[PDB]
Amino acid sequence: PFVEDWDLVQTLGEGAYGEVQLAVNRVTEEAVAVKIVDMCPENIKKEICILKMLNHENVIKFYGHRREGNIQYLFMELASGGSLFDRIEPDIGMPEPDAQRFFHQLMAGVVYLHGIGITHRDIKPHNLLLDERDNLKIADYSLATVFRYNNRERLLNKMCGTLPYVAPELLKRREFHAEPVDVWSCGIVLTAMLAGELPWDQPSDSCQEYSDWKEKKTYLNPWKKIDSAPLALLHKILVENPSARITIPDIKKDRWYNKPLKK
Ligand SMILES: Cn1cc(-c2cccc(C(=O)Nc3cc(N4CC[C@H](C(C)(C)O)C4)cnc3C(F)(F)F)n2)cn1
């Protein structure tokens with residue numbers, strides 16, 4: 001399999017829309033990631049438009065796109081370190097200094113996206129990739145949308161994301177602000193990094209694990225595996241009411257966020 005001067009050597013991933021392949025240029029040996037999409041045309045039009053805007057060290061770089069009939073090829077920066085998902089040990093997590101470093105980088109990427117009026121809407125460890133120097137890069141803009149245009153905020157109403165990562169207001173409100181939704185998903189990623197376990201299948205009324213958290217039953221898993229300092233931050237992020245939820249400027253003032261750590 002090939003595209004112009006690129007050979008598609010290895011399947012890096014498969015999902016909701018197509019497949020991601022390792023593309024090696026036959027001449028130069030440059031290795032990039034290629035997203036292959038069958039057909040949706042209005043969806044990829046929006047996606048390419050968002051991808052062309054992205055210019056930040058913690059966000060995946062877009063190189064260009066090629067169309068071969070009904071097949072779209074999206075050329076992007078390769079993340080040679082793979083996914084954050086594969087750095088999380090099930091039921092353990094990872095060393096707290098590594099989690100803190102990845103969390104600072106995630107915040108840097110999210111601040112950038114929010115600053116250009118883009119919401120990711122599917123922040124999770126499978127979408128958080130690592131470069132050669134273990135730097136976090138926010139990937140996959142297939143669900144990404146404009147929430148601010150001409151300095152005017154637009155409320156969202158679409159159901160999207162991944163249930164264990166979604167904010168409770170998506171399930172309970174007709175319309176909601178984009179930024180607290182991405183902040184909430186970052187809090188679930190932090191939980192996964194520190195405990196190697198997700199706290200609930202979804203933050204709904206019927207979910208006992210979610211009710212346990214709202215009742216402050218932190219003697220339960222995954223919370224009992226987390227140190228008091230990052231746990232205090234999680235208590236400010238995983239707040240049911242999005243208007244009461246901590247914002248990224250205040251996360252940057254948090255005690256754990258600013259706590260010196262080393263393995
Ligand atoms: C859904 N989506 C993904 C992307 C996306 C955009 C840019 C870049 C990547 C990417 O590098 N993906 C990747 C890489 C790797 N590895 C493992 C070995 C490999 C090597 C040879 C050691 O370098 C790097 C693993 N998984 C993935 C990923 F993400 F699951 F696909 N994916 C856009 N939508």
Side-chain angles (χ1 to χ4, degrees), residues 53-61 76-89 92-141 144 147 161-162 164-167 178-199 222-223 225-239 242 245-263:
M53 295 170 79
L54 315 179
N55 184 39
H56 187 272
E57 55 270 24
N58 302 113
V59 167
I60 284 290
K61 244 104 190 168
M76 297 145 181
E77 170 183 13
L78 179 69
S80 52
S83 69
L84 184 62
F85 185 86
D86 295 328
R87 302 305 175 91
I88 303 168
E89 182 178 346
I92 294 286
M94 75 180 54
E96 206 180 292
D98 291 350
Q100 196 201 47
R101 178 176 174 270
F102 292 139
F103 193 74
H104 295 149
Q105 287 173 1
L106 173 58
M107 287 301 97
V110 175
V111 167
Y112 172 75
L113 291 177
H114 290 178
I116 62 161
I118 302 303
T119 179
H120 185 280
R121 309 205 281 183
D122 200 25
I123 293 155
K124 58 177 175 184
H126 271 121
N127 287 336
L128 304 175
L129 313 178
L130 290 330
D131 70 8
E132 60 287 345
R133 306 265 278 150
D134 263 10
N135 301 113
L136 182 142
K137 271 145 209 281
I138 308 177
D140 186 1
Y141 291 80
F147 76 95
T162 302
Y165 295 91
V166 302
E179 296 164 290
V181 172
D182 285 337
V183 169
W184 177 283
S185 59
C186 294
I188 309 292
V189 169
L190 183 56
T191 304
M193 290 195 294
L194 291 174
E197 182 189 359
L198 298 175
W223 321 108
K225 301 184 229 165
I226 303 175
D227 185 77
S228 70
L231 190 61
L233 179 50
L234 292 165
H235 265 115
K236 294 179 287 192
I237 302 179
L238 307 173
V239 163
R245 192 165 310 147
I246 197 166
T247 62
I248 303 171
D250 286 336
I251 287 172
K252 285 175 182 177
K253 285 175 193 166
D254 168 86
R255 190 174 105 270
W256 183 74
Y257 193 87
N258 291 292
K259 187 183 168 193
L261 306 171
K262 187 147 171 77
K263 293 189 274 88

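Any value given below was found using the heavy atoms of this structure, including those in side chains, with hydrogens, waters and symmetry copies removed. Sequential numbering from 1 along the given sequence is applied to the chain's residues.
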Salt-bridge criterion met for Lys236 and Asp250 (N-O under 4.0 Å): no
Nearest 0.5 angstrom please: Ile237 CD1 to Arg245 CZ, how far? 10.0 Å
From OG1 (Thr247) to NE2 (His114), nearest 0.5 Å: 11.5 Å
Between the main-chain N or O of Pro125 and the side-chain N or O of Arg87, is there a donor-acceptor pair closer than 3.5 Å? no
Measuring only between side-chain heavy atoms, which start at C-beta, is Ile123 closer than 4.5 Å to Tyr165? no
Interatomic distance, CE@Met53 vs OH@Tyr112, rounded to 0.5 Å, equals 7.0 Å
So CH2 of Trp223 and CD of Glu197: to nearest 0.5 Å the spacing works out to 9.0 Å
Are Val239 and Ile246 close enough that some pair of their side-chain heavy atoms sits under 4.5 Å apart? no
For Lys137, is there any backbone N or O sitting under 3.5 Å from a side-chain donor or acceptor partner on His56? no
Would you call the rings of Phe85 and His126 parallel, tilted or perpendicular, taking 30° and 60° as the class edges? parallel
Please tell me if the side chains of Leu113 and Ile138 come closer than 4.5 Å, counting only heavy atoms from C-beta onward. yes
Considering residues at least two apart in sequence or located in another chain, which fulfil the salt bridge (charged side-chain N to carboxylate O under 4.0 Å, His left out) criterion with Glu57? none
Determine whether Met107 and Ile248 satisfy the following criterion, side chain to side chain contact (heavy atoms under 4.5 Å, CB included), listing intermediate values before the conclusion. CA-CA 7 Å; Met107 287 301 97; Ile248 303 171; 3.9 Å; yes
The single option from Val189, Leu130, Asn135 passing side chain to side chain contact (heavy atoms under 4.5 Å, CB included) against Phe102: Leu130
Which distance, rounded to the nearest 0.5 Å, do you find between the OH of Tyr141 and the CG of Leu54? 5.0 Å
Determine yes or no for a side-chain-to-main-chain donor-acceptor pair under 3.5 angstrom, with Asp131 supplying the side chain and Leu136 the backbone. no
Donor-acceptor pair, side chain of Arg101 and main chain of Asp134, under 3.5 angstrom: yes
Taking the side chain as every heavy atom from C-beta outward, state whether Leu238 and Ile188 have any atom pair closer than 4.5 Å. yes
In sequence, state the C-alpha distance, the side-chain angles, and the governing distance for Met94 and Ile88, and then conclude on side chain to side chain contact (heavy atoms under 4.5 Å, CB included). CA-CA 6 Å; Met94 75 180 54; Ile88 303 168; 3.8 Å; yes
What heavy-atom pair brings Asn58 and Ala108 nearest, and what distance separates the two atoms? OD1-CB, 3.4 Å
Distance-only, no hydrogens or angles: does the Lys61 side chain make a donor-acceptor pair with backbone N or O of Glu77 under 3.5 Å? no
Correct closest heavy-atom pair for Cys186 and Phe103 would be O-CE1, 3.6 Å
Looking at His120 and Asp140, what are the two nearest heavy atoms and their distance? NE2-O, 2.8 Å
Under 4.5 Å between any side-chain heavy atoms of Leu190 and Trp256, yes or no? yes
Just verifying a value: how many Å separate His104 NE2 and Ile251 CD1, rounded to the nearest 0.5 Å? 10.5 Å
Contact check, side chains of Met193 and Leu84, non-hydrogen atoms, under 4.5 Å: yes
Quick check: does any side chain N or O of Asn127 sit under 3.5 Å from a backbone N or O of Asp122, one acting as donor and the other as acceptor? yes
